[PDB]
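Survey of secondary and tertiary structure
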Amino acid sequence: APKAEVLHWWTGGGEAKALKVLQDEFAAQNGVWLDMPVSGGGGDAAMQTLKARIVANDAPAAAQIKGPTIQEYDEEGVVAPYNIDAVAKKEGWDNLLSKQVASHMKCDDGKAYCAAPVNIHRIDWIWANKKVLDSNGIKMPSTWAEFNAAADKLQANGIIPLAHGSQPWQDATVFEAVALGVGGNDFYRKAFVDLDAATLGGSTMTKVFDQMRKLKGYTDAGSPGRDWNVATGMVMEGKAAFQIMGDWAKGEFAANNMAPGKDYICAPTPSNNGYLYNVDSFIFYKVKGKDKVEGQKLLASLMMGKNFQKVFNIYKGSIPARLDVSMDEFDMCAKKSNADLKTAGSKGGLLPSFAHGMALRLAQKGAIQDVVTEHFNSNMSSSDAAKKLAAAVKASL
Ligand SMILES: OC[C@H]1O[C@@H](O)[C@H](O)[C@@H](O)[C@H]1O
């Protein structure tokens, strides 16, 4: 009987509802799922539990993982042999995924698939409670200046403008979206892809921290330590106007029967045809036993299934990684995501989220998040923040 231990951080809400599609498909194929959930938004907690399980030679069969962390484990030598690469080849994953997604999924210097992608999340979203914006005569903002004007108006009317939880990854999520709009595509690429010292520490970055300082004043006293899905719930219930968060938030809206255009408004954060992508993927470790290897090969195949990725993503709030899945049954926000992905692609605006593990190894992600969260939760000047950011990145290299 095919078996797999699966380590992930999808422990409630729209996340669990989407995961259930995969768990149900696996059991239907007589697969035995050993659940290994590790609660913690953005997966930093999962990454700590995973790391300790590997260093202890107790690798799970499959683990939720992002981008360069895949290759980091590969370089450890804990992944090969690449038993799922045979699945990938037979099914022609190379013609079903974008060059960029495909490259993320490979081990052995780009030669063998060792992880399966299920989706593409987008980071650069604003979610708004529609009755709140209508009640206050506010149009969904398209610029930070429109957002700040709207936030002042809502605050003066006694409404929390921005529902947010201040945890390091969650502060970084807002930050990266802000950076893309305040600085632009090349700036974002230079800072978080190239790690250009001048760009990190310079005047455009200062302006990013200026906008972070504004956003802090729009949050509420319960923010520190708050989980992201609590913040989404605040918008859902009209206890706050806005949330700036990836489209896993749309998993919550959908799971509570709210619809874009009727109960809430989804609009990208300001950018110049930018798109910040995030691919949930599962790596398959070197594991002992033929039943576990059959588990891995079965999971890989299911995760890349055509119908699966349609259904999973409708619930999850993301769009399919698979290039040939019909977007037709998806909502307005997912279609905007798909469209903007194609549009950003051609303009050089399609960029990896760093806060969600696609741009950078965890060491570089950690270094940045820690400075961002320190600025956000203190009275640090924007200049000082940018100087500290550049230095922490530099020291992390
Ligand atoms: O925890 C909130 C989100 O964290 C992301 O990094 C992950 O890719 C999403 O699937 C969702 O789980």
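Conventions we followed
- Residues numbered from 1 in each chain as written, not as in the entry; some residues may be left out.
- Heavy atoms only, no water.
- Residues with missing side-chain atoms left out of burial classes, pairs and counts.
- Core = buried A, V, L, I, M, F, W, Y, C linked by side-chain atoms within 4.5 Å.
- Buried < 20%, exposed > 50% of the residue type's maximum accessible area, 1.4 Å probe, protein only.
- Helix = DSSP H or I, 4+ residues; strand = E, 2+ residues; numbered from the N terminus.
- Contact = heavy atoms within 4.5 Å.
- Near = heavy atom within 4 Å.
- Areas by Shrake-Rupley, 256 points an atom, 1.4 Å probe, with all protein chains shown as cover.
- Nonpolar A, V, L, I, M, F, W, Y, C, P; charged D, E, K, R; others polar.
- Domains from an automatic or database assignment.
- Disulfide = S-S within 2.5 Å.
- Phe/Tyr/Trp six-rings, centres within 6.5 Å; stacked < 30°, edge-to-face > 60°.
- Salt bridge = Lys/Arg side-chain N within 4 Å of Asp/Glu carboxyl O.
- Axes fitted to C-alpha atoms, helices over the stretch in contact; angles between N-to-C directions.
- Parallel < 35°, antiparallel > 145°, perpendicular 65-115°, else oblique.
- Left-handed = near helix turned anticlockwise from the far one by under 90°.

Method of structure determination, per the deposited record: X-ray crystallography was used for this entry, reaching 1.675 Å resolution.

Attention now goes to the nonpolar core. In this structure, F147, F175, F192, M205, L215, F242 and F354 are the most contacted members of the largest nonpolar core, which totals 68 residues. Looking at this core, the element that brings in the most residues is helix α8 (residues 168-183), giving eight residues. Ignoring any residue separated from it by four or fewer positions in sequence, one finds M205 in contact with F175, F187, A191, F192, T199, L200, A386 and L389. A63, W93, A102 and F282 belong to the second-largest nonpolar core, a separate cluster that totals 61 residues.

Around the ligand, 13 residues are found, and the nearest of them are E15, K66, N278, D280 and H356. For the ligand, the accessible surface in isolation is 300 Å², of which the surrounding protein chains cover 100%. Considering only residue class, the shell around the ligand consists of four nonpolar, five polar and four charged. Mapped onto the domain boundaries, the shell around the ligand takes at least three residues apiece from domain 1 (3-120 + 279-340) and domain 2 (122-276 + 348-396).

Counted under the stated rule, the structure contains two disulfides. The disulfide partner of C107 is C114, and the gap between their sulfur atoms is 2.0 Å. In this structure, the disulfide formed by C107 and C114 twists by about 75 degrees around the S-S bond and is classed as right-handed. Each member of the pair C107 and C114 is classed as buried. Look at the protein and number its bonded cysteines as they come in the sequence; the links are 1-2, 3-4.

On to the domain arrangement of the protein. Assigned domains within the protein: domain 1 (3-120 + 279-340) and domain 2 (122-276 + 348-396). The C-alpha-based centres of domain 1 and domain 2 are spaced at 26 Å. Across the contact, 30 residues belong to domain 1 and 25 residues belong to domain 2. Of all elements in the fold, only α1 (13-28), α2 (44-55), α3 (68-76), α15 (306-316) and α16 (332-347) reach the threshold of two or more residues within the side of domain 1 that touches domain 2. At six residues, α16 tops the list of elements feeding residues into the side of domain 1 that touches domain 2. When grouped by side-chain class, the residues that make up the side of domain 1 that touches domain 2 number nine nonpolar, 11 polar and 10 charged.

The next point concerns the packing of aromatic side chains. If you walk through the whole model with that rule in mind, you get 18 aromatic pairs. Ring centres of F26 and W33 lie 5.9 Å apart, and the angle between their planes is 80 degrees; this geometry places the pair in the edge-to-face category. Accessibility classification places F26 together with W33 in one group, the buried group. Centroid distance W127 to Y264: 6.2 Å. Interplanar angle 45 degrees. Geometry classified as tilted. Within this pair, whereas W127 is found in strand β8 (residues 125-129), its partner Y264 is found in strand β11 (residues 264-268), the two being separated by 137 residues in sequence.

Here we come to the pattern of salt bridges. Under the counting rule described, the total for this entry stands at 16 salt bridges. A salt bridge links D280 to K66; the nearest nitrogen and oxygen atoms lie 3.9 Å apart. Taken together, the residues span a long stretch of sequence, with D280 in the loop between β12 (275-278) and β13 (281-284) and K66 in the loop between β3 (62-65) and α3 at a distance of 214 residues. You can call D280 buried: its relative accessible area is 2%. Residue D85 pairs with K89 through a salt bridge whose shortest N-O separation is 3.3 Å. Of this pair, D85 and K89 both sit in helix α4 (residues 85-91), separated by four residues, roughly a single helical turn. Residue classification places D85 among the buried residues on the basis of a relative accessible area of 10%. A single network of salt bridges, built from pairs that share partners, joins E5, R53 and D58.

What follows concerns the packing of α1 against α15. Interaxial distance between α1 and α15 falls to 7 Å at its minimum, and their mutual angle equals 160 degrees. Our classification of the angle between α1 and α15 gives roughly antiparallel. Judged by the twist between their axes, the crossing of α1 over α15 is right-handed. Mapping the contact onto sequence places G14, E15, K17, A18, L19, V21, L22 and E25 in α1 and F308, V311, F312, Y315 and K316 in α15. Of the residues assigned to the contact of α1 with α15, the class counts are eight nonpolar, one polar and four charged.

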